[PDB]
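K.L.:
First the structure, then my questions, so here it is.
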Amino acid sequence: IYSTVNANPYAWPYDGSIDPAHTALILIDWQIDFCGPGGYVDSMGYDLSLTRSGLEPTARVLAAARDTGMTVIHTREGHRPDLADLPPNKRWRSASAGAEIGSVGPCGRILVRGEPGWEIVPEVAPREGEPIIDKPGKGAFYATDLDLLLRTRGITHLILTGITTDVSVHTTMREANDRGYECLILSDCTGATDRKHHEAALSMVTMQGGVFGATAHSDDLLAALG
Amino acid sequence: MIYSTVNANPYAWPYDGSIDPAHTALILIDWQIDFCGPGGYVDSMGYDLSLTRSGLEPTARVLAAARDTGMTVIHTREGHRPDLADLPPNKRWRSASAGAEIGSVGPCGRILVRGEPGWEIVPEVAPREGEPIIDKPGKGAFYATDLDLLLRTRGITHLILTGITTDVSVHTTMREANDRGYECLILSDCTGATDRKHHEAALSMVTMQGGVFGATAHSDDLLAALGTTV
Amino acid sequence: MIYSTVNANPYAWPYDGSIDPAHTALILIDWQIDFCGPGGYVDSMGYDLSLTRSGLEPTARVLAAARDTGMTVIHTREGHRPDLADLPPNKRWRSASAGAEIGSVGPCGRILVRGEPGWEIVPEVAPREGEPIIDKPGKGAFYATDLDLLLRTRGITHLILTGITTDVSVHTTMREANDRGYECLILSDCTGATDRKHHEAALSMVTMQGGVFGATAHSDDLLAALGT
Amino acid sequence: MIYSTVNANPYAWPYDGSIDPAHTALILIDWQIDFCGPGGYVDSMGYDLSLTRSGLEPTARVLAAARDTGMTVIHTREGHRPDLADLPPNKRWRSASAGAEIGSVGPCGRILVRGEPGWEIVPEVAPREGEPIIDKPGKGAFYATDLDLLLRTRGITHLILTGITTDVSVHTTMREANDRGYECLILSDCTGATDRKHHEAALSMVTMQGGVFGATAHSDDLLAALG
């Protein structure tokens with residue numbers, strides 16, 4: 001059992017200790033489509049250095065979670081190759097931005113399950129015993145079995161890493177928080193298409209006594225786990 | 001009977017090129033004393049009520065336009081069962097830390113408890129018969145409610161969002177609806193937050209990647225479209 | 001106090017070998033005039049109310065035992081918003097075809113509408129403060145409600161089911177809970193149906209494949225385990 | 001291109017008076033060796049496979065008719081992630097009690113595990129590209145899946161149900177769909193159960209209260225309505 005994390009705006013978690021038997025690290029969408037050359041985000045013309053800066057810090061947190069025996073869950077955003085799970089508005093916006101879901105680029109069909117751009121990057125590769133969530137939306141709970149995996153393991157606390165801070169990570173945090181999960185978001189293990197959106201996404205969590213949970217740097221988590 | 005697109009950011013809304021009132025709902029989120037009035041939850045935490053109240057008059061004019069065109073209208077209230085059976089202990093603990101514990105007695109009764117004066121919808125945007133009210137225990141209006149059943153029964157595909165706050169309840173509801181494939185518009189002058197920088201960032205987040213959560217617009221741009229049949 | 005297993009079909013319930021009141025809820029499903037009283041929905045369709053009412057007094061004895069042991073108690077009411085925004089058109093059409101249209105005026109007010117006399121919980125099993133009531137628009141108590149939030153907030157893992165009808169609202173709620181991993185017991189003498197053969201078949205369906213939906217028991221065997 | 005009602009119990013189905021293939025899906029539930037073939041889960045528990053297999057050839061004729069009319073077709077497989085992360089401990093314990101533990105090795109590989117021979121859809125009703133397959137960890141096809149997203153994206157309002165077993169996976173899926181407002185038909189000769197009395201009672205339960213869960217029909221009456 002571990003102590004609290006020095007976090008914003010309260011010492012996390014609210015109940016005063018971290019139990020690996022009730023805590024999961026979530027790694028959200030570390031895929032070429034969100035952080036690598038030739039994928040979805042690169043094809044739209046965004047700066048990949050903003051999404052990639054969280055990769056090596058995430059690998060150090062993943063190693064700490066594995067050493068403490070906490071649950072580890074990974075997510076991949078993606079669609080059935082027949083696109084039966086693709087809403088027409090999501091498709092139309094991706095075409096408007098110059099990177100249509102299902103269209104072929106340097107890393108295969110954009111955001112399609114089984115394609116090279118959709119795979120988890122090797123810097124944070126999963127291992128046996130770490131379930132992978134395949135989500136068709138931004139939030140990892142909707143149209144998945146994530147809540148069943150968490151409730152079966154008795155998980156009450158989540159530590160969030162991955163990309164992007166303001167889209168998939170924030171949506172997943174908001175979904176978990178409404179169900180009563182106690183959530184921490186790591187500031188140096190997340191990133192966005194705009195630095196001001198990354199910073200605003202983190203400061204939004206801290207209002208009203210910690211409306212969505214708390215924020216911390218990975219250094220503050222690693223100090224609590226040591 | 002069908003209306004043109006809205007001049008919106010970052011695309012002319014909606015994506016399918018017209019607004020049909022038979023398939024469109026206006027959502028009014030949490031226009032309650034607890035979020036925008038003296039003596040409630042937000043006031044007791046020490047935030048500036050002028051930031052949350054400025055969207056009330058514009059919302060009333062959009063509500064009038066929705067009623068005139070025969071759109072669906074749905075209202076939401078955040079709040080808890082008086083026995084607090086729907087209150088997660090972390091939500092309760094943070095509200096106490098912020099100096100406004102849910103269920104504690106203040107100037108407007110028990111904070112965020114269903115049936116209390118602070119929890120009522122303010123009269124400037126009072127519901128009418130035929131405009132369902134959602135009682136939500138969380139920030140998103142879909143979780144632990146019948147909202148998705150009400151929308152699917154009426155054949156709703158498109159949502160127009162107003163209410164408070166931009167970055168918490170409104171954004172959570174927009175993200176939930178968007179993942180299910182609803183086409184959503186958020187009105188910039190009919191929403192507000194505890195911090196102006198968070199209000200502005202919440203709107204600009206919508207506009208990335210071709211409109212990742214939908215589009216943004218001023219109520220003037222919506223009212224112009226609702227005076228232009230095609 | 002922690003209690004031993006219940007003599008149940010097809011295994012001594014529950015699977016994990018003890019009953020902890022801190023993690024167990026008694027659910028009372030739809031004990032309303034619309035399902036078990038004169039002038040309501042079920043009476044207006046022409047079904048025999050003695051089939052649905054026989055479980056009322058046994059349910060009151062189990063409710064007393066649940067309150068004595070400090071277990072969670074949750075009640076359900078099936079019903080609709082007065083504006084009928086939560087009423088699917090197929091559910092409405094079938095209720096009209098059966099001679100008891102939802103929302104139509106009958107001897108106990110508008111049929112299956114929230115706030116109407118026929119919709120109230122009957123006094124034999126009146127709720128107490130601290131026993132949450134679920135308002136469900138469907139047969140299953142989880143769909144379009146906050147039930148799963150109430151159960152997870154209290155740390156509930158085990159459910160004991162009573163109420164009506166065995167084959168419709170009770171079975172649908174049991175199937176929904178079971179898929180989420182809740183461990184469920186259905187009481188044979190505290191439930192009932194519009195047809196006795198459907199009541200008996202609904203109970204036997206639970207018992208297949210090692211207890212596919214949980215187990216069945218008589219209230220006497222639950223009260224024996226609780227030492228009442 | 002729009003079809004008339006099916007002669008069904010207890011009303012001519014559907015309630016709105018016609019069948020539009022653009023808004024209708026045929027669901028094939030759990031036609032797997034684990035539920036209907038030698039060496040699988042149901043066989044290892046000692047139940048009579050002739051009761052679950054009798055609906056296979058009628059189902060194949062209905063699948064051919066659905067393909068000809070351009071209806072949506074959706075298939076389901078019950079089963080678990082190979083790491084068993086989606087397996088509740090009560091489900092596991094009961095399967096061991098019944099002598100067929102989920103994840104244990106039997107004649108067709110690991111019982112109810114995704115990717116194993118006993119878990120595959122049997123060839124008589126093999127899926128085709130553009131007929132989505134649901135992998136469900138529970139009895140109801142909606143819980144912990146993307147089924148509701150697939151149906152709402154296609155504009156589906158009406159469901160025709162086939163598969164096994166009548167009283168477990170088929171009934172649970174019918175009850176879940178009905179509460180959301182889907183209009184459902186269950187085919188009596190394209191379903192089956194571990195007990196014939198449970199099959200018959202599961203069909204009769206649908207028919208009460210003016211059709212509380214929908215209606216029942218024979219394949220013959222559906223194929224007559226489709227022409």
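Here's how to read the names in the structure tokens: chain A, B, ... by the order shown, residue numbers from 1 in each chain, ligand numbers from 1 in the order shown.
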Skipping near chain neighbours, those fewer than 2 positions away, what residues fall within 8 Å of residue 197 (chain A) using only C-alpha atoms, listed as a short mmCIF file (atom, residue, chain, number, x, y, z; two decimals) with N, CA and C atoms, in the first residue's frame?
P.N.:
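around.cif, freshly written:
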```cif
data_model
loop_
_atom_site.label_atom_id
_atom_site.label_comp_id
_atom_site.auth_asym_id
_atom_site.auth_seq_id
_atom_site.Cartn_x
_atom_site.Cartn_y
_atom_site.Cartn_z
N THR A 165 -4.87 14.96 -24.82
CA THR A 165 -5.27 15.38 -23.47
C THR A 165 -6.73 15.84 -23.49
N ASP A 166 -7.08 16.62 -24.49
CA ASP A 166 -8.38 17.33 -24.59
C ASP A 166 -9.45 16.46 -25.27
N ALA A 192 -1.46 17.26 -26.73
CA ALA A 192 -2.58 17.66 -27.61
C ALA A 192 -2.06 18.27 -28.91
N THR A 193 -2.97 18.55 -29.84
CA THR A 193 -2.64 19.19 -31.14
C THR A 193 -2.34 20.68 -30.94
N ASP A 194 -2.58 21.23 -29.74
CA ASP A 194 -2.37 22.67 -29.42
C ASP A 194 -1.92 22.78 -27.95
N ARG A 195 -0.81 23.46 -27.67
CA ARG A 195 -0.26 23.52 -26.29
C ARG A 195 -1.26 24.20 -25.35
N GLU A 199 -2.83 22.62 -21.86
CA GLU A 199 -2.75 23.33 -20.54
C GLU A 199 -4.16 23.57 -20.00
N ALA A 200 -5.11 23.98 -20.84
CA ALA A 200 -6.51 24.26 -20.42
C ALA A 200 -7.18 22.96 -19.98
N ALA A 201 -6.93 21.86 -20.68
CA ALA A 201 -7.52 20.54 -20.31
C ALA A 201 -7.07 20.17 -18.90
N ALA B 201 -11.31 28.10 -24.23
CA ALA B 201 -10.57 26.86 -24.59
C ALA B 201 -11.57 25.74 -24.89
N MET B 205 -11.53 23.84 -28.52
CA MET B 205 -11.31 22.35 -28.55
C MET B 205 -12.26 21.67 -29.55
#
```
K.L.:
Write out as a VMD selection string which residues come within 10 Å of residue 219 (chain A) when counting only C-alpha atoms, dropping same-chain ones fewer than 3 positions away.
P.N.:
chain A and resid 5 to 6 57 60 to 61 186 188 216 222 to 225
K.L.:
For the selection just defined, write its residues with N, CA and C atoms to a file, as a CSV table (one decimal), in the first residue's frame.
P.N.:
```csv
chain,number,residue,atom,x,y,z
A,5,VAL,N,-0.1,11.0,-3.7
A,5,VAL,CA,0.7,11.8,-4.7
A,5,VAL,C,0.5,13.3,-4.4
A,6,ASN,N,1.6,14.0,-4.4
A,6,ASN,CA,1.5,15.5,-4.4
A,6,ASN,C,0.9,16.0,-5.7
A,57,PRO,N,8.2,9.5,-21.0
A,57,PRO,CA,7.6,9.5,-19.7
A,57,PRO,C,6.6,8.4,-19.4
A,60,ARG,N,8.3,5.1,-18.6
A,60,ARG,CA,8.8,5.0,-17.2
A,60,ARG,C,7.6,4.7,-16.3
A,61,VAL,N,6.5,5.3,-16.5
A,61,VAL,CA,5.3,5.1,-15.6
A,61,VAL,C,4.8,3.6,-15.8
A,186,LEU,N,-1.8,12.5,-15.7
A,186,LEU,CA,-0.3,12.8,-15.7
A,186,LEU,C,0.0,13.9,-16.8
A,188,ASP,N,2.8,15.3,-18.0
A,188,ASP,CA,4.0,15.0,-18.8
A,188,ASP,C,3.8,13.8,-19.7
A,216,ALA,N,-1.1,15.6,-11.9
A,216,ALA,CA,0.3,15.4,-11.3
A,216,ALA,C,1.3,15.2,-12.4
A,222,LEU,N,5.9,8.6,-9.2
A,222,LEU,CA,7.1,7.8,-9.0
A,222,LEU,C,7.6,8.0,-7.6
A,223,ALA,N,7.5,9.2,-7.0
A,223,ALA,CA,7.9,9.4,-5.6
A,223,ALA,C,7.0,8.7,-4.6
A,224,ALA,N,5.7,8.7,-4.9
A,224,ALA,CA,4.7,8.0,-4.0
A,224,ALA,C,4.9,6.5,-4.1
A,225,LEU,N,5.3,6.0,-5.3
A,225,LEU,CA,5.4,4.5,-5.5
A,225,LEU,C,6.8,4.0,-5.0
```
K.L.:
In Å to one decimal, how far is CA of residue 42 (chain C) from CA of residue 99 (chain C)?
P.N.:
10.0 Å
K.L.:
Apply DSSP to the structure's backbone, then extract all residues of region 85-206 of chain B labelled strand (DSSP E or B) and return them as a list in words.
P.N.:
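Here are the strand (DSSP E or B) residues of region 85-206 of chain B: residues 105, 106, 109, 110, 113, 121, 133, 134, 135, 136, 158, 159, 160, 161, 162, 163, 164, 183, 184, 185, 186, 187, 188, 189, 190, 191 and 192 of chain B.
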K.L.:
Kindly save the residues from that selection, with N, CA and C atoms included, as an mmCIF file, in the first residue's frame.
P.N.:
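Below is the file that was written, out_35.cif:
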```
data_model
loop_
_atom_site.group_PDB
_atom_site.id
_atom_site.type_symbol
_atom_site.label_atom_id
_atom_site.label_comp_id
_atom_site.auth_asym_id
_atom_site.auth_seq_id
_atom_site.Cartn_x
_atom_site.Cartn_y
_atom_site.Cartn_z
ATOM 1 N N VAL B 105 -26.622 22.202 4.452
ATOM 2 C CA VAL B 105 -27.630 23.300 4.458
ATOM 3 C C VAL B 105 -26.928 24.642 4.207
ATOM 4 N N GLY B 106 -27.401 25.370 3.210
ATOM 5 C CA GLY B 106 -26.960 26.738 2.922
ATOM 6 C C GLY B 106 -28.166 27.650 2.757
ATOM 7 N N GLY B 109 -31.223 26.024 0.813
ATOM 8 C CA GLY B 109 -31.534 24.639 1.225
ATOM 9 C C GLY B 109 -30.312 23.731 1.106
ATOM 10 N N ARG B 110 -30.530 22.425 0.981
ATOM 11 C CA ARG B 110 -29.428 21.444 0.870
ATOM 12 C C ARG B 110 -28.826 21.542 -0.539
ATOM 13 N N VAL B 113 -29.377 19.101 -3.919
ATOM 14 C CA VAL B 113 -30.363 18.037 -3.563
ATOM 15 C C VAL B 113 -31.684 18.312 -4.279
ATOM 16 N N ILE B 121 -34.914 24.980 -11.703
ATOM 17 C CA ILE B 121 -34.605 25.727 -12.941
ATOM 18 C C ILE B 121 -35.067 27.176 -12.723
ATOM 19 N N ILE B 133 -37.699 17.053 -18.715
ATOM 20 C CA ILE B 133 -36.585 17.404 -17.791
ATOM 21 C C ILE B 133 -35.806 16.134 -17.413
ATOM 22 N N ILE B 134 -34.482 16.210 -17.564
ATOM 23 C CA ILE B 134 -33.504 15.166 -17.137
ATOM 24 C C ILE B 134 -32.966 15.531 -15.764
ATOM 25 N N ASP B 135 -33.060 14.620 -14.812
ATOM 26 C CA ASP B 135 -32.401 14.726 -13.480
ATOM 27 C C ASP B 135 -31.141 13.847 -13.517
ATOM 28 N N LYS B 136 -29.963 14.490 -13.602
ATOM 29 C CA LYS B 136 -28.677 13.767 -13.756
ATOM 30 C C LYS B 136 -27.872 13.854 -12.466
ATOM 31 N N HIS B 158 -29.880 15.418 -34.223
ATOM 32 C CA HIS B 158 -29.119 16.701 -34.137
ATOM 33 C C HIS B 158 -29.418 17.398 -32.803
ATOM 34 N N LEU B 159 -28.406 17.933 -32.116
ATOM 35 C CA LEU B 159 -28.574 18.620 -30.822
ATOM 36 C C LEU B 159 -27.979 20.027 -30.918
ATOM 37 N N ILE B 160 -28.658 21.004 -30.313
ATOM 38 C CA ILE B 160 -28.152 22.382 -30.106
ATOM 39 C C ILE B 160 -28.006 22.582 -28.599
ATOM 40 N N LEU B 161 -26.807 22.923 -28.132
ATOM 41 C CA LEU B 161 -26.482 22.909 -26.686
ATOM 42 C C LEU B 161 -26.331 24.330 -26.147
ATOM 43 N N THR B 162 -27.018 24.583 -25.040
ATOM 44 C CA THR B 162 -26.922 25.791 -24.196
ATOM 45 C C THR B 162 -26.814 25.352 -22.747
ATOM 46 N N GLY B 163 -26.401 26.258 -21.871
ATOM 47 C CA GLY B 163 -26.349 26.027 -20.426
ATOM 48 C C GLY B 163 -24.939 26.054 -19.881
ATOM 49 N N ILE B 164 -24.749 25.514 -18.692
ATOM 50 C CA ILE B 164 -23.559 25.830 -17.855
ATOM 51 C C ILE B 164 -23.136 24.572 -17.096
ATOM 52 N N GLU B 183 -25.195 14.743 -34.095
ATOM 53 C CA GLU B 183 -24.549 15.928 -34.709
ATOM 54 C C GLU B 183 -24.852 17.148 -33.834
ATOM 55 N N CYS B 184 -23.827 17.760 -33.227
ATOM 56 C CA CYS B 184 -23.999 18.753 -32.129
ATOM 57 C C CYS B 184 -23.436 20.134 -32.494
ATOM 58 N N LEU B 185 -24.168 21.170 -32.101
ATOM 59 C CA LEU B 185 -23.777 22.605 -32.184
ATOM 60 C C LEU B 185 -23.769 23.158 -30.761
ATOM 61 N N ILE B 186 -22.704 23.852 -30.366
ATOM 62 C CA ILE B 186 -22.626 24.529 -29.048
ATOM 63 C C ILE B 186 -22.663 26.042 -29.298
ATOM 64 N N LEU B 187 -23.537 26.759 -28.584
ATOM 65 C CA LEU B 187 -23.700 28.229 -28.748
ATOM 66 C C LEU B 187 -22.771 28.969 -27.765
ATOM 67 N N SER B 188 -21.880 29.798 -28.310
ATOM 68 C CA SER B 188 -20.789 30.498 -27.582
ATOM 69 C C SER B 188 -21.311 31.542 -26.592
ATOM 70 N N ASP B 189 -22.431 32.205 -26.916
ATOM 71 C CA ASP B 189 -22.996 33.290 -26.062
ATOM 72 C C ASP B 189 -24.079 32.761 -25.116
ATOM 73 N N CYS B 190 -24.461 31.483 -25.225
ATOM 74 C CA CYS B 190 -25.515 30.823 -24.400
ATOM 75 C C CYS B 190 -24.929 29.796 -23.420
ATOM 76 N N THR B 191 -23.613 29.844 -23.201
ATOM 77 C CA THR B 191 -22.848 28.985 -22.274
ATOM 78 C C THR B 191 -21.902 29.901 -21.487
ATOM 79 N N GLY B 192 -21.276 29.390 -20.449
ATOM 80 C CA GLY B 192 -20.308 30.132 -19.633
ATOM 81 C C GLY B 192 -19.641 29.206 -18.639
#
```
K.L.:
With 7 Å as the cut-off and only C-alpha atoms counted, what is the closest atom pair between each nearby residue of chain D and chain C? Distances in Å to one decimal, ordered by chain and number, as a tab-separated table.
P.N.:
```
residue	atom	partner	partner_atom	distance
D:15	CA	C:90	CA	6.4
D:45	CA	C:209	CA	6.9
D:88	CA	C:181	CA	5.3
D:90	CA	C:15	CA	6.4
D:94	CA	C:210	CA	5.0
D:95	CA	C:210	CA	6.4
D:97	CA	C:210	CA	5.8
D:98	CA	C:210	CA	4.7
D:138	CA	C:179	CA	5.1
D:139	CA	C:179	CA	6.6
D:172	CA	C:175	CA	6.6
D:175	CA	C:172	CA	6.7
D:179	CA	C:138	CA	5.1
D:181	CA	C:88	CA	5.2
D:183	CA	C:90	CA	6.8
D:198	CA	C:201	CA	6.4
D:201	CA	C:198	CA	6.3
D:205	CA	C:198	CA	6.7
D:209	CA	C:98	CA	5.8
D:210	CA	C:98	CA	4.8
D:211	CA	C:94	CA	6.2
```
K.L.:
At most 8 Å is the cut-off: for each residue in chain A with any atom that close to an atom of chain C, write down the nearest atom pair and the distance in Å rounded to one decimal, counting only C-alpha atoms, chain first then increasing number, as JSON lines.
P.N.:
```
{"residue": "A:148", "atom": "CA", "partner": "C:180", "partner_atom": "CA", "distance": 6.7}
{"residue": "A:152", "atom": "CA", "partner": "C:181", "partner_atom": "CA", "distance": 7.4}
{"residue": "A:179", "atom": "CA", "partner": "C:149", "partner_atom": "CA", "distance": 6.6}
{"residue": "A:180", "atom": "CA", "partner": "C:153", "partner_atom": "CA", "distance": 7.4}
```
